[PDB]
Structures are given as C-alpha cells and as structure tokens.
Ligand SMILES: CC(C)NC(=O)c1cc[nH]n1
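Below you'll find only one chain, the form deposited without the ligand, shown as structure tokens.
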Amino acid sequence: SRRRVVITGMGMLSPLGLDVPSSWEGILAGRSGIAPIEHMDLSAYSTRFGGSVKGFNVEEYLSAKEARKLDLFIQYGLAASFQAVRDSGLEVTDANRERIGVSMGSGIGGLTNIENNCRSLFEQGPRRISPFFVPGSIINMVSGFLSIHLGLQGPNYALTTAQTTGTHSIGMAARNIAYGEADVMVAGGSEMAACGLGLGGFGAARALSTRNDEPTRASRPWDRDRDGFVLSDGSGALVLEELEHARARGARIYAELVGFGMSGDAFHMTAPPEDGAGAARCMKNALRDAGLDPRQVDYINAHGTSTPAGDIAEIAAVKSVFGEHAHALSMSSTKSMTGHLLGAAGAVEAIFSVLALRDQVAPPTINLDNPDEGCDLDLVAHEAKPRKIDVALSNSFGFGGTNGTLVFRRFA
C-alpha cells in the first residue's frame, strides 16, 4: 500500500496577478492577462502580444545581488515556491529537513539570459559572458536555490517535459511522498519565454496566434476562429505533504492529490493524434491510479491551448474516456484568460483545479463565441459556473507527445 498526499500550500505568478488569490479573482471574473509585449522591439515578429507578469518585485524574495545572478524564470520559480512554503505554515527543522525535497521544472528555461550572453559573445567575444551564466540559467536552479535558502535536503530534481513540465513535476513529487522517499515536496514549474527566442521560436513553427489587433481575444480554445496559442510567463508551486504529517502539525488542507497519469502518444513531434488516444490513455491511467470510475469526475482543466489540432483531440479523448458522462462534467480552459505558461501551465492549472474544488465553481473558457465542429461538451463558455465538484482533473499534453493528468478530490 501507499501514503495519501494533500495540498497544504500554493504560490503563483500569472498574467492575472502576483499571487494565487489575485490570479483566481481574475480567473473567476473572466479577465484576460494578454496584452502587447512592452519594452521590446517586436516590429519584425508575426506575434507581438502574450501574458507578461506585471509589476513583479524580486526584492520581496531576494537581495538585488542574488536576483541579478538568476534568469527571470528562476526568479518566478522562487517567488511561487516561497509563497507556497509560507502558505503552508510548514517549519523546516534539523528533525525534518532531510524529508523535504523540491521538484520545480521549466519547459524552455533561460532564454532571456541566453539572449543577453549571446549579445555579448557575438559583439565582444567570450570574455563578456557572465560568470553566473550557467548556474543562473539551467533549469534545476529553482530546485537548487530554494533547497539552499530553506535548508531542504530531500529529493532535489527538475523535470523538463515542455508544456507538460508542471503536471509531471507535481505528479512525480506526489509519488515521492506516497512511496515514502519524502514527507513534503515543493513541486511545479516556471517559465519566461515571451522573449525574442520564445516568440521567434514558436512564431517560426506558426504555433502562435497572430491576432495582434485584439490580444485579449487571441486565446479562444474550441472556438472556430482560433489560430494557435498565446505565449505567457509566470510560475506555480504547491506544497505536497503526506496526510498524517499534515494532520499532526494542524495544516490547512486545500485538497487531496489522489491520481497521477503519464503516457506517450508515440505519434508526432508537435501534433497530437486526431482521436487524442494518448490523452485518453493518460486520463484512464490517472483514474485507475486514483481507484475512481470516470463517472465520478466533475471538472477538467483542459490543456485547451487554442491550437486547431490540440483543442479538437482533447474533445475526442474526453468523449472516449467518459462516454455518457462526458456532457455531465464541466471542462474549461483557463488558457482562454492566462495564455499558455508552457512548463508552468500545469502548476498554475493544478492550483486553479484545487481552488475549483474549494469554491465549487468551474472557471470559464472566455472567447468561446462559436464552438467548432464536435465541441458540444459543457466548456463553461464566457462565465464561471458554480456546480458540485468532488473530483477535478488537470491535463497537460506536450511536444514529443508527452501527456500528464492529475486527479484532485475534495478533502473533508
């Protein structure tokens, strides 16, 4: 048998705000965090908008000297991790520090730092590359820096599974606790790829909305006028905790993490299969992991990226998995508001799924003005929907055909 895993702490930077309760207020009001990107010449670029983190103050977390050494994606990781640990009330001691680990990941990592260090390498040669370039940019330094600052000696690692990183990080953090390798983990992801290489990289693949005239309307999952996803920045982080350990110290428990699914499409590098067979296997694996029958699911936080092929495959997968229950469950895409935080997408959407359990409300899919062929499920168009939710799914489907599903259940 296996230990049960609860959420005792949550932390976040999104395009909707600098913490969870502000972000969530935005989610439930159907606000967009999408706007033209500032302080950057995007003239030669086909996309000029995204979800930026607005008014982030890194000195709330770090000295100016330590923040200077660290990619924006690491600063966002640390902010969310610190918020989450503080949200948990957890106290690290000599007695427990070896039982507390970190799995914070990122899809794309330190592009902003790689751009600046390239600028210097090409203009001036290697001798202007920063000393802190490697340790200030590599993806495992959110885990590394947080572990050093808080004295965490538990499992210390980072995942990079593109747009599935946050979901994988949280699920495999939960595995560490359930099989007794740790009692507490800080898990999620962070991303800042609304930079030249991010917008250029994804623009070159024509993966991005080019709807520059109405940036708030660009992200329209399942709408017949969608034209690709919206690149967004930020971080999610949860404190996962073994249930007995949480009860003993009198922790506030948001929800129980009951199920983790993984699967590979083994199909295509960027495109899912049309029937979502991989997402369907993953969701089944997640429900079996939880010992739940598909009928018990009430809410799904879709991947719902606003790509033609991606949005339709998720409908196919849900119909397949859930048969005569696929219309009963509510399924929204909060990317309609936040855009796609890539590796951080799963972290922030896990939090939104937890808070849909707390508040008994399905968040909206905004911009779903004209559902496409076959998109006839309860996609919670335009407006939040209060309803009964005992069990919430959060899905993530990534490049390389890598899939992740988390199942959260109400704790009482």
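Residue indices: 1-based, along the sequence shown. Just so we're on the same page, rigid core means the largest C-alpha set that superposes within 1.5 Å between forms.
After superposing on the rigid core, the larger RMS C-alpha deviation in 8 other deposited structures of this protein belongs to 191-199, the other candidate being whichever of 153-161 and 191-199 remains.
Larger average C-alpha displacement in 8 other deposited structures of this protein, relative to the shown form after a rigid core fit, is seen for 39-47 when comparing 39-47 with 360-368. If you average the C-alpha B-factors over 121-129 and over 240-248, the higher value belongs to 121-129.
Higher mean CA temperature factor, per the PDB entry, when comparing 341-349 with 61-69: 61-69. Annotation for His168, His303, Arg206, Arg97: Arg206 ranks highest, by Cα B-factor. Taking the PDB entry at face value, the top CA B factor among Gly188, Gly151, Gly154, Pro308 belongs to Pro308. Among the modelled residues of the chain, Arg288 sits in the middle third by CA temperature factor in this PDB entry. Compared with the other modelled residues of the chain, the Cα B-factor recorded for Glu314 ranks in the middle third. The entry lists a Cα temperature factor for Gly109 that places it in the middle third of the chain's modelled residues. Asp298: CA B factor lies in the middle third for its chain, per the PDB record. Residue-level temperature factors show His327 in the middle third of its chain, judged at the C-alpha atom.
This protein has a second form, the form solved in complex with the ligand, left out of what is shown; the following refers to that one.
In the deposited complex, at least one heavy atom of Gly398 sits within 4.5 Å of the ligand. Mapping the unseen interface onto this chain, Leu240 falls outside it, with no heavy atom inside 4.5 Å of the ligand in the deposited complex. Using a 4.5 Å cutoff between non-hydrogen atoms, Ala271 counts as a contact of the ligand in the deposited complex. Under a 4.5 angstroms non-hydrogen atom cutoff, the ligand in the deposited complex has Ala313 among its neighbouring residues.
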